[PDB]
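Presented below is the structure to which this report refers.
In what follows, every chain begins at residue 1, and chains take the letters A, B, ... in the order their sequences are listed.
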Amino acid sequence: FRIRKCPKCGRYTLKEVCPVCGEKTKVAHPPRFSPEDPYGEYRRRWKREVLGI
Amino acid sequence: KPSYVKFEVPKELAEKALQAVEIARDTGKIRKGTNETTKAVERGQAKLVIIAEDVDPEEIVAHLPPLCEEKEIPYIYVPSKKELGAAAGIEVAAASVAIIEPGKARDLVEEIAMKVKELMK
Amino acid sequence: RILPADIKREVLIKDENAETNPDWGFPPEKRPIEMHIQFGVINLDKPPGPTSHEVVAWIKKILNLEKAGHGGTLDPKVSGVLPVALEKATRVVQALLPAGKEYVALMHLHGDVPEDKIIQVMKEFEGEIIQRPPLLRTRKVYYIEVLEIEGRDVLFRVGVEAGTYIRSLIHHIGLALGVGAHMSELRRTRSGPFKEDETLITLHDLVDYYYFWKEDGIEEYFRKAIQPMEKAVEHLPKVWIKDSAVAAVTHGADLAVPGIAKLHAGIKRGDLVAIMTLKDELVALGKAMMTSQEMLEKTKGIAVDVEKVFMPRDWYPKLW
Amino acid sequence: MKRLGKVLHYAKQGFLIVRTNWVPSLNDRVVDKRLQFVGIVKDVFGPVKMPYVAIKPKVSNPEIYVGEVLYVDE
RNA sequence: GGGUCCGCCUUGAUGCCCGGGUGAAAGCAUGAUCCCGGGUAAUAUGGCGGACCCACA
Ligand SMILES: Nc1ncnc2c1ncn2[C@@H]1O[C@H](COP(=O)(O)OP(=O)(O)OP(=O)(O)O)[C@@H](O)[C@H]1O
Ligand SMILES: [Zn+2]
């Protein structure tokens, strides 16, 4: 996969930097999900830390 | 830099971690890639975990820091997944690497594990 | 640019003295979390890999739901906007199947073409285009916006009529350019009224917000994960009905003219319409038996043939 | 014979491509101005008012027809 | 007899997906390959019953 997106201005691009505002882009597709979600508890510890829960 | 990076890693210490992967690769045994690294932590085989700072999506390696802390295994951050991949002896990038047997870099892993514990607190 | 879902319709007033009784009904704003889920739609960012139907099955299993459905099939390798209607709302996806779609696509050319020629040829594929040669079936391309060209790679945004196959569109552009082309990557950025905004949610965030509700008692994150079923209906022409007609429709009556309070203009006979309360609750989906002018001017007759009822019978009292 | 138009190019996937102002049918026979058989219509695409036509060639060297005007034999 | 809501009744040339194990020339450690376990195949139409209604607001 190589379609990327600027997180702040929402510009779709193939570049690592945004051609509009000039910041680091992120890959457009969401990560693989597993219904088994073997490490979901550890992801939640990180997520609770970030969100302040 | 991304939220899964728990602490700030000095430029010198990141090089020492990449050196530790390079040496242990051909003198000992290492696990490369996020699935292999995670299994190594889960099995209690990893002595040191090395995680890239440029991983996107973050969710790929986000589970590792709290997994390492639960299984009592030290971890370190490196700037580039491409650079970490080359150190693991593969032509593509690596999001995370685990050291199973340090070999000649045994003292180097000791130095890292001691210094990351001070950054953790 | 603009889809037929974006162009505002005039609201025609039939009864200026139409008033709604606060005693009855549940507008989206005052629905408890459980009721919110029962009449909810997830604006999901589908991962590439699984089919749209597999993803829906994962959602049902994890959130412990009896029913769910998706609003317009995304192919396995394709990521992006996938509305997943839940439980009592499941069938609202029927309003989403014929809706206009938007995509961001990556076309890889099989030969070297100048940038000016790429843009010119792609501009020609806007409008009514042939999707099947005779021995005539057409489809509308509302816009093509070339974002960037990196050698043989062409990244573009495209708004299309429902049933437009982007893989096919790209193959045809390659033939018109001579060198040939294929679709190497696709992402849906819009499915009807659903788009890439704050409400778009991954499976990871969905399940985690569910866990924050079940374990931590925090409902705010999981509430935001789910949109009201009324959102799935934002792109449709609407007919707003008086309180006294609501229970009749929910009990199986078709909508007659004396029950209409307000309505959108431009409704043709046979159009799919949403029947709404004056509190903007979704009552039912229906097929218009009359035009907007007919509904506004006439005093009698069936205005809408009711096809699918979503509102429970006991929300409004029997007033017929 | 009904005029299709100029051959824009020979697509490497194996089709002569013509821009025209009407919609031919699948399997229509394609000739030049001298009624010499060229090929067969295998796809019609693009704008309804000004479509592209993909012609499967049935001559040995289809490349020579680039820039030449083709017709549907009727 | 009808409408709405719900329940029930049918088929599928190894794939693909997800996971456990393994962990390698455009592909590819954000997972090749193979071994194993599971999931998902058309989100109809027709038919039978149950409940609520027969509604111009
Ligand atoms: N002439 C062609 N015929 C068939 N397939 C092609 C042709 N050119 C490119 N492709 C396809 O496009 C894909 C893109 O890979 P690749 O980058 O090697 O192509 P490319 O044309 O060399 O692109 P670039 O020149 O930008 O590197 C290939 O895997 C190939 O299947
Ligand atoms: Zn930007």
Side-chain angles (χ1 to χ4, degrees), chain A residues 1 27 29-39, chain B residues 30-40 42-43 52 54-62 81-82 84-86 88-98, chain C residues 15 18 47-58 60-61 66-77 82-85 88 90-91 93-94 96-97 108 184 203 241-261 283-284 286 298-314 316-320:
Chain A
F1 308 100
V27 189
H29 80 270
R32 175 189 291 116
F33 183 77
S34 174
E36 276 70 81
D37 204 29
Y39 308 102
Chain B
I30 55 100
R31 287 277 158 178
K32 65 221 174 307
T34 301
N35 202 43
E36 291 187 41
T37 301
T38 304
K39 300 302 155 180
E42 217 165 24
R43 293 161 193 182
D54 58 338
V55 177
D56 173 47
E58 293 184 38
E59 297 90 307
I60 293 157
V61 295
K81 59 174 181 285
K82 182 90 260 282
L84 183 57
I90 54 163
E91 207 79 342
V92 200
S96 67
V97 174
Chain C
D15 189 9
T51 62
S52 297
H53 197 237
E54 279 173 295
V55 166
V56 170
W58 295 345
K60 288 206 286 171
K61 185 198 164 299
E66 305 192 63
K67 285 234 305 167
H70 64 95
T73 305
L74 280 179
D75 288 340
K77 288 179 72 194
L82 182 75
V84 179
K88 299 280 180 73
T90 298
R91 295 172 303 148
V93 299
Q94 187 256 48
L96 268 21
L97 267 66
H108 189 90
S184 68
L203 283 154
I241 67 166
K242 305 171 187 180
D243 292 2
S244 55
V246 180
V249 171
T250 64
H251 281 256
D254 294 322
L255 176 69
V257 169
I260 301 171
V283 185
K298 294 175 93 164
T299 53
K300 281 180 181 181
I302 299 299
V304 179
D305 196 295
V306 178
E307 292 178 314
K308 290 187 177 186
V309 182
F310 297 93
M311 180 179 289
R313 293 160 201 255
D314 62 332
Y316 285 72
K318 305 169 188 172
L319 258 27
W320 71 81

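The side chain to side chain contact (heavy atoms under 4.5 Å, CB included) search around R43(B) returns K39(B), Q45(B), not counting sequence neighbours. With sequence neighbours left out, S52(C) forms a side-chain hydrogen bond (donor to acceptor under 3.5 Å, both in side chains) with no residue at all. Every residue meeting the side-chain hydrogen bond (donor to acceptor under 3.5 Å, both in side chains) condition with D243(C), not counting sequence neighbours, appears here in chain and number order: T20(C). For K81(B), the side chain to side chain contact (heavy atoms under 4.5 Å, CB included) test picks out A52(B), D54(B), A93(B), with sequence neighbours left out. With sequence neighbours excluded, the residues satisfying side chain to side chain contact (heavy atoms under 4.5 Å, CB included) with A68(C) are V56(C), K60(C), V84(C), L86(C). Partners of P31(A) according to the side chain to side chain contact (heavy atoms under 4.5 Å, CB included) rule, which considers only residues two or more places apart in sequence or in another chain, are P57(B), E59(B), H204(C). Listed by chain and number, the residues in a ring-ring contact (aromatic ring centres under 6.0 Å, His included) with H108(C) are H182(C) (sequence neighbours excluded).
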Filtered N/O pairs between nucleotides 9-16 of chain E and protein, under 3.5 Å:
none

Please tabulate the protein-to-nucleotide N/O contacts below 3.5 Å involving nucleotides 34-37 of chain E, giving atom names and distances.
none

Please table the atom pairs, donor to acceptor, closer than 3.5 Å between any side-chain atom in residues 302-311 of chain C and protein atoms at least two apart or in another chain.
none

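Across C5(E), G21(E), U40(E), the shortest atom-to-atom separation from the side chain of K39(B) is found for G21(E).
Classification of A42(E) as syn follows from a glycosidic angle within 90° of 0. With a glycosidic angle no more than 90° from 0, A29(E) adopts the syn conformation.
Considering only side-chain N and O atoms, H53(C) lies under 4.0 angstrom from the phosphate OP1 or OP2 of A41(E).
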Seminar exercise, completed: Protein heavy-atom contacts under 4.0 Å, written 5' to 3' over nucleotides 46-57 of chain E as B (base), S (sugar-phosphate only) or - (none), form the string ------BSSBBB
Exercise. Once each nucleotide of nucleotides 26-31 of chain E is scored for protein heavy atoms under 4.0 Å, what B/S/- sequence comes out, 5' to 3'?
Worked result: --BBBB
